[PDB]
Amino acid sequence: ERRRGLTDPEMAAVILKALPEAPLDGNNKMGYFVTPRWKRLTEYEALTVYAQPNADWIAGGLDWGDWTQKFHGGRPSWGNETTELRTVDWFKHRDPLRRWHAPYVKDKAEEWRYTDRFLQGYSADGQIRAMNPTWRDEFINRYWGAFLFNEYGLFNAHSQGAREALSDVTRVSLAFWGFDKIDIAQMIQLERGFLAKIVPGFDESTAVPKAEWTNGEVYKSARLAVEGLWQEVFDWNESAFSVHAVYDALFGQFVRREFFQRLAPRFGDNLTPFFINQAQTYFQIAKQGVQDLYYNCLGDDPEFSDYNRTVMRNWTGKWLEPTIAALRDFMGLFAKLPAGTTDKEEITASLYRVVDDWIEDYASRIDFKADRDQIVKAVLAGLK
Amino acid sequence: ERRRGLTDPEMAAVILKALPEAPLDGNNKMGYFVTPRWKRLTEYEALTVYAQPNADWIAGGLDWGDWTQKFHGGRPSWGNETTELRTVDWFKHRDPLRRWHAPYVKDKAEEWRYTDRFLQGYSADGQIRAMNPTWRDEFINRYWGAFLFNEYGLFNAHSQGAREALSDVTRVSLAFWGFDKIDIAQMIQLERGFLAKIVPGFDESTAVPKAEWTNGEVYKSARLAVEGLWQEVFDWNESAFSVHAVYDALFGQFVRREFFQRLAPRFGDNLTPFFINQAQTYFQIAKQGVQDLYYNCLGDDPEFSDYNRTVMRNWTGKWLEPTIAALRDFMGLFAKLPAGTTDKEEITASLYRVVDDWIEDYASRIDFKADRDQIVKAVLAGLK
Amino acid sequence: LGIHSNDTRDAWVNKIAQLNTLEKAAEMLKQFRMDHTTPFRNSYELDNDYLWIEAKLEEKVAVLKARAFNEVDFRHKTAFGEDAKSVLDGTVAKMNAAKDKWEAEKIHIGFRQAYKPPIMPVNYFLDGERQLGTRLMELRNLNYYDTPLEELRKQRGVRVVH
Amino acid sequence: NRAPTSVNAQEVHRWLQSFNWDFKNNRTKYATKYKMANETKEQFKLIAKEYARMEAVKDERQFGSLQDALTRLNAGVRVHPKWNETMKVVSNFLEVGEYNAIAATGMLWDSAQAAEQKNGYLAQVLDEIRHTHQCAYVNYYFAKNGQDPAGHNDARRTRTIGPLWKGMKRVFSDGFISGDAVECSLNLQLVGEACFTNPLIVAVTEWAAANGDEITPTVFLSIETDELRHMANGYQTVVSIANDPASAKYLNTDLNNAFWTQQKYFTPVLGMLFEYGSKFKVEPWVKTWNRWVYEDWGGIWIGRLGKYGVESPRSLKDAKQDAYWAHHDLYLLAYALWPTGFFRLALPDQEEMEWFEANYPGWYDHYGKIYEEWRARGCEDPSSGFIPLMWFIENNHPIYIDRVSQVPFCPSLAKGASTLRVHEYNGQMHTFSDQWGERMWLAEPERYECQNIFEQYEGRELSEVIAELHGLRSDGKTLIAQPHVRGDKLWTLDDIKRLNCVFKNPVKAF
Amino acid sequence: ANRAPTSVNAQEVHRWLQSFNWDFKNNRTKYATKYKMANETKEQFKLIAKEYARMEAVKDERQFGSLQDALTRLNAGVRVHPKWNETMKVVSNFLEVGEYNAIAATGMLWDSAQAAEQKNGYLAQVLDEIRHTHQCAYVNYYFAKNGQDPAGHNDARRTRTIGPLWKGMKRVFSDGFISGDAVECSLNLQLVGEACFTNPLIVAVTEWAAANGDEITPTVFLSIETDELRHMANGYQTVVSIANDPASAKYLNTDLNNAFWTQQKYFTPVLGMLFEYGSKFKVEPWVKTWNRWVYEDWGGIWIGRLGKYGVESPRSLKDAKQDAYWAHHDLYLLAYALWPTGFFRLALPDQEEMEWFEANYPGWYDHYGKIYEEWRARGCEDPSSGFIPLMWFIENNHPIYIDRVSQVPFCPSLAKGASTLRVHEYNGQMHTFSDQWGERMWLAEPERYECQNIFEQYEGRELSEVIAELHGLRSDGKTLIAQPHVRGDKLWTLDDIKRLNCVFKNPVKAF
Ligand SMILES: [Fe+3]
Ligand SMILES: [Fe+3]
Ligand SMILES: [Fe+3]
């Protein structure tokens, strides 16, 4: 049948005859010319950096000349004109988790199989018998279910970055961030489907949560903000920064951590916290990469740090107002909780936790002057 | 440098010359004579069944003759004398999850890496801040930590079975059950170590939980039952059965599910539920396997079913009273909670849930006549 | 001489380093885009270096505009103080009024030459790209093969050298 | 207390269509003549976690094979030197194709309005990241474990010296992402992947097996396992545009331009890399190209879309007419310019010349005569002071770069296409090798302004260009590119410097 | 939000493991033991169940990726010399039984330990032994599915029970592992078994497999090898835990000597046989390999290291060295004479094999090679000859005995090696011994050693009846799994064996 040069005696003899005495170059490191972020070059950098064939007029590019084929009108395939942020090298960014495709989908596959085992054990254990029926029928089904559309719009605000990103490291980072968002939306739907399976009369149709998202008053401003982030922003860097360093960091953090992960445990719902643990893990993972790109690389750029920080403060001011409006509207979800679930003191404390985290992690890195008390009072206007 | 026969031209020519024109036999299935539990024979069955070289005087063995070397005094390497239970074939058992070593360590490694990511995300998210301090300091540190020793003793109750199990399928199942128990104990200690890392002044030494387990009051009957199940039983089958179908199924299920998995979330603790989810997953998986071994294979044995059910009901009666004592003593833990955490109605409801699950899953499979009200009353006698 | 560093790039780096006001820098960038960047450019003298020089000029203009504009102005105004939304809308109206693909192409290429960021804010400019490009592609690709290459050559105004 | 239950991917995917909601600005951000219908369904019902699990299984298989048994077998070294050289180009060029396919499927994800079509595109986005890293890993493995890592270790910066890389960028970078998103989907999925990339991956595995290479099969078979989803993606793109009239106005023009774009580069380049880049031949490229383009693609795959308005490209006959000799003409040019590459090139030896004459009657009297003349002048001996580009100069055979496709061509010499068109527009001259690319330029002159190697390097000595762009080996002197694949008598930068070869713009004579 | 990303690694959990055990009255070993394992005995390796799982799953991933993907595409299972395919049948199945019984041996040792860290080392080895069991089984499975001759690879678990080499395999690698004192079992398994033979054997097996075109065995067995450092530490820790117990000075050395002799009595002839007679391409003479393994590597470095705890080199070592030189040649004579009882195909040594033998074992030819030439002339490979070498043994008055204790076949009237025969009748039963050490073992502990040998079990039965009853047939239903050659044609059938009319006799009945 098929003869292979590796095993076929005649072909192998011919190859071995052709072979040199020793390797023709002693420098056997792929990517040796890449500057390592850490002590020595990692597999991740060797496989990613300089895969995008930029010419030097896009900062950091190793190529020369124009694109071979441009858009009608002359728009370059990639260009400095697609974002306001400037830099001396777009290839400077490193995912602090150093994840290329293999480690990335390995981690997500581990999560998927662990989730499968958890759901099987949870159903066989009958742990649903401890869940408050009103919390499950109203809050998980309708409002937690409505948050899926928030995650989905946030996922979609990443497509134009997947197209326009000016380097391979930024492109892979952005793709992994957006993929995490879609994963979270699908995990919200998965929990709803699981409830439909183990709870008679529970409806996994997305119609009730979708009507809450598109027509309800608790998620109105969140939807307006998400629609703006997704379809009204053409700067891919503005999109990534404002999704992750403004809107998600405040609104989505408060909704996931300070409301559902906080209140579900009081209603016997250990099932939603299981999925919100995954969401929080993904957020915390993407935060390191977002901070690397926008604070370590662009915000600290040796030539454009000041201009870049001006632009990010601009974006922060632009997207803080709708983010605060979204938080204020969501504040109306507390009036629908059964009496005694939570007091204004706990709500105030959790809002302060969210805002203080956002100031430590994002606002202060660009010298954006945020008033935590002013922001908390603006959001608390929606409570009482 | 070494020449390999596969790639070396001269050696490969010699080997290829020696090769037959076609395979000498057509039956290329390595466990073809094994009776498959499912439609076709599995990799798990092929790799496991009949690895133990039992002679045929041990039910199901395919070898002949006596052991070549025995114990001093004449005791066989393996013999029918090590267990009361009788069967027509010790190789009938199948793990319903079909776990041989590769899928087993694959799942555990998945869980481990997921746990690491979850802990990194939880510490980065600052989720500790919402935990009750008294719950963390007294109930995680002292009592959830003390349960570590319960799990460790249950794990140690498997060593005789690992030496004495009469087939490879039973041996592998027993080993995986024991390994899961030791894993849970280590996960309790790991949670305590995590809390010592993220909470200043939290002490991860086992001295406090160990003093609770060895000298305390809420765990005394649990410790006595565990010491007996581990060191007083010389029957490997009685050990496995009583640990998994009597003691763990009632006491450990109540402590893991109806106290900690139920009350930790009422105190802003989503961290202990994370590990109790793994513990419950393991318990449910081991339950499937235990039910196969004891109810499907031994308890439904075509010629010893009545005898095996007699022996299992005897073991159940023997170990149910010490398990009830464990639960009655652990009832005293409720008096230490903050007032209003739970009422007698909730405690009774959880007790009935555990007892009904136990009767459904274990007690009724051997026709053991268990009074749910009598069991629950005996346990509730220790509420104060 | 040099592919990635040479004297032309050095001379233009020194020329750019001497721009202090956003007005002069934006004027220089607009003039450079008319002179050296398109098929309709005024000269192919800088054909090997103009993309890099334009990137340098864009950096200088962007820095000056960030310094000189306020947050709303940075978001909504061109480097020449015009309202980016009005400029975009007027260009789109002109494009929608275009009769054939020749006028449409002139409109699109002129818009890119005049308003490419950092002249117009990126959001407005890429919205303009979306709409104007749709119109240009619809006009161009209709009956693409109908015109014989001889007639097409005459319409493009191309001098046959071989 | 219940039966153990989970949820699978399809149960979640059932509701994914409803994930998208209606609002005024829910529209694509990219210029497009078409409108994708917002009820398009995807064939594969994947969620992100299920996609991760499927890909992670394949990744374990492949990386376990590479890390353990192929390394023990020394499989990275026991490959024919010519195939080791071919694999530098194949892997790095394929890697740019995959990398740009990530951005192209991002544009498609933006363009689709049905959430299911978006999901299919998103799966391809993740897949293209996987494929980029797999091809990169091929180069990384051959740099770490092969007989000659130079070019395997720095192709990302050393590809940019030679002319073949420009046409590769046309077909697999700019043809994928620059233009109408539907046009880019045709360039990528309908034409690029269906016609060429999938069969190319399979054939490259066969040709790597023949030449002792077990790394490329291990990786490329794994890549190929993903391509049914991408074929469904391209099919669904056609289906999702078929009901709007823009489809009937524009789809066949876009499809023909995409087909000519991809073929103009892949017909010569792939045949060259198979026949001249290998020791053991699997199959002549005439038959392979005929089966791929006319039979597998133009016949079956294109026919499957007749109900949606798709017709066979009107340039398919022109492509077939031009295809026969194209790769031999191209190998003449690529070898003559060997110092600009990042790979070592071999002259056809006696056995190869016999095989070529058997499969391409007339090959010897033109190509083999030229090659024997180059050999007798010492094209392989560093001290000869001869580079075959000098032969092209002395015999008045100017090499041009096509303005649109970027493909080098020598019209006075080529046995295949021999048409030269030179125009002057606004003080600058453009050279065209065929009617379709020239019309492309005349319709959209601002889409094609790439500078060729002759314009960039005009008036520069070859050794200066090689030094500036890092075409040297780790010792600092030997060139990465070579005119032979032997282990001794390598050419140095000083050998190239002595020739005193200076790049001239071929159009200046006009 | 607000805190550093933090996690807990295995070392931090393992630092508290020794406290997991608590004191109560019945907290003792359930097995008879002369020794006391000290608590506060540490383990070298700081592992927890989950970290163990992750590090083992990494290896599993690499190994099964190799096997499923690249070695399958390369036809590695087929392109193996036929002799090595046969040899791998035996090596894989017998090592499988060894690993499987190591599971129960380490379960008993985990029972015997009182320090939690020592318990944990033993537990990790329990899981490792399950892994190795499944890995050896997977070797047999891969060769059954993809190799040149599945028979023997596909039913070895029931067809091993026909032959006499399997009984000795059970004695050393099953009963020696689990029957007796837990410390004696540890000496058999860890100090002697793994340290002296199994660990070097696995590496040697990969060497010979690679020489013979096998890449499946290197792929699986290097993976197995990467776990043996922890198992060596387990054996060492056992010795350390009993060092301060006065029982050690009384008993440790005689247990170590008994264990070493047990292991060596089987592995000296059988491993040399499998290496030299079961391969085409030779890596090394077994005499030099044996001297390096037992006398130098183990009796020197390893035992010398243990010497600080009162462990002295075994007193049977000199006898073992004296008996090693011809042991495997004598054994292969016997194993080829009884080829129909095997589950693997044996070959006569060819001309270049005989030249290698006489180059490395001067005088091999005039004894062994002359016998093999005579058998070949008798048609021992030809099914129509009607000649089984056992018939030559009977004609020439060379009774073959089975040692009561070791189960090794031996022919005292023919062996260039030991050549001793002891027969005693005890209480109506006769017992035959080949060495003084095993005779002392039986005289000391007669109720430990009551294995029936093949001659007592098969006494009076025709060979074909035994083969058919025990499933020694290929799937066609008539061809023997065992063969006297490794060629693809002229395979013996149950009918040729039935025409032989070979009826098993008990050789001790003559006394
Ligand atoms: Fe691809
Ligand atoms: Fe693809
Ligand atoms: Fe082992």
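All chains are named by letter (A, B, ...) in the order of the sequence lines, taking the proteins before the strands, and each is independently numbered beginning at 1. Atoms considered below: every heavy atom in the structure, side chains included; atoms not considered: hydrogens, waters and symmetry mates.
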Quick check on E:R230: does its CZ atom have over 12 non-hydrogen neighbours (other residues, nucleotides or ligands) under 6.0 Å away?
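Result for CZ/E:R230: enclosed.
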Do you know which of D:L70, D:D68, D:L66 has the most heavy-atom pairs with chain E at a distance under 4.5 angstrom?
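With the most close heavy-atom pairs to chain E, the winner is D:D68.
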Taking only residues at least two apart or on different chains, which pairs with a member in residues 197-206 of chain E satisfy side-chain hydrogen bond (donor to acceptor under 3.5 Å, both in side chains)?
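Matches after skipping sequence neighbours: E:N199-E:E225.
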So if I take each residue of [range] and look for any heavy atom under 4.5 Å from a heavy atom in chain E, which residues do I end up with?
range	result
residues 126-145 of chain D	none
residues 207-217 of chain D	D:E214, D:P217
residues 71-91 of chain D	D:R72, D:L73

Contact summary for E:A70 and D:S65, nearest pair of heavy atoms
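For E:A70 and D:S65, the tightest heavy-atom pair comes out as N-OG, 3.0 Å.
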What is the distance from atom CG of D:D59 to atom CD of E:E61, rounded to the nearest 0.5 Å?
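It is 10.5 Å, given to the nearest 0.5 Å.
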